[PDB]
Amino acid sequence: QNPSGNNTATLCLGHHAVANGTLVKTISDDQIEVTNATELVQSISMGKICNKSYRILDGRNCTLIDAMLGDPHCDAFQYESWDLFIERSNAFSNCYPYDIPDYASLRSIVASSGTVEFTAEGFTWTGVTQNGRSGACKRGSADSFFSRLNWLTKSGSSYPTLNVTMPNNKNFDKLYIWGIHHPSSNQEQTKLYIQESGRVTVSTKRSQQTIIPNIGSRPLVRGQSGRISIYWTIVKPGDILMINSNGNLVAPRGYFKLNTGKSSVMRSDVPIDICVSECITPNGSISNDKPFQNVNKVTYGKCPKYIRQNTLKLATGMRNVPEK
């Protein structure tokens, strides 16, 4: 029945409401109902690591360091570069048992460099046998060694004091990997290097490092009681690598090129797959449209910030006030 308004009319103001709103928090109230809210925390991973848009290298069975040293089962990585190198828990070494003082630092340095490509240099080793091998480091079926290292031994009945140079006449820092052999017994020491005690001194104009080997049995891994200790030196442009040894030197074959890199390494066990993402986590890639992130504090790329909270609801509408 209409209309009523003979000499009058009424005009009411109002706003919309929805049947079922959602609770958000403000400074004034713990919980208040609004028409619409948006989630600010990314809690779901994609479940996989996306092959795009970054260049992802799956280590599979190799650590970054083993691939860099040139462990036989890591020969397929020898010409490889990456933005992000994935290390699997599954990884294992399968060459001569070794250790590296400040391993993490070296791993960090190579990871940043984003490459394991190697440049051979014409090092000259007078009075010594080169390319020493070991049954603990099979290459195919024949026994071998780390492709980037050069196991030097006596030639005949002689091991003379090597003193070798290598200038850096290029515009970048050269990274040299080298090491020492710790023989399991004195029979082996004198059989391999003649002298009862070895030493190695690698130096430049600005720095030096001297290492003495410790002869003695360590626990057996891959048939070997002996060890190799790995060290490194960074030769600056215009500086010169010097190497001095009366025995036990595990020599470099060349250098790696250090470059300011936006590359890194990440421990993860999720598969890599065909998809696109700009942020990567040990749980997989994650979307980055949201500004916050509760999947993992370990990230790489354009990543939302990691926070403790699992959900944060941003109001995108007014307070919802349905009848009554």
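All residue numbers are counted from 1 along the displayed sequence.
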The stretch whose C-alpha atoms carry the larger average B-factor in the entry, 202-210 or 107-115, is 202-210
Comparing mean C-alpha B factor in the record for 189-197 and 81-89, the higher one is 189-197
The largest CA temperature factor among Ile27, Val34, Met46, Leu57 is found at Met46
Note to self: of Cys279, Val265, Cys275, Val41, the C-alpha temperature factor tops out at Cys275
For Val295, the third of its chain by CA B-factor is the lowest
Temperature factor at the Cα of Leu258, chain-ranked in thirds, falls in the highest
Here the Cα B-factor of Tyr98, set against its chain, lands in the third termed middle
Chain thirds by Cα B factor, record data; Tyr231 belongs to the lowest
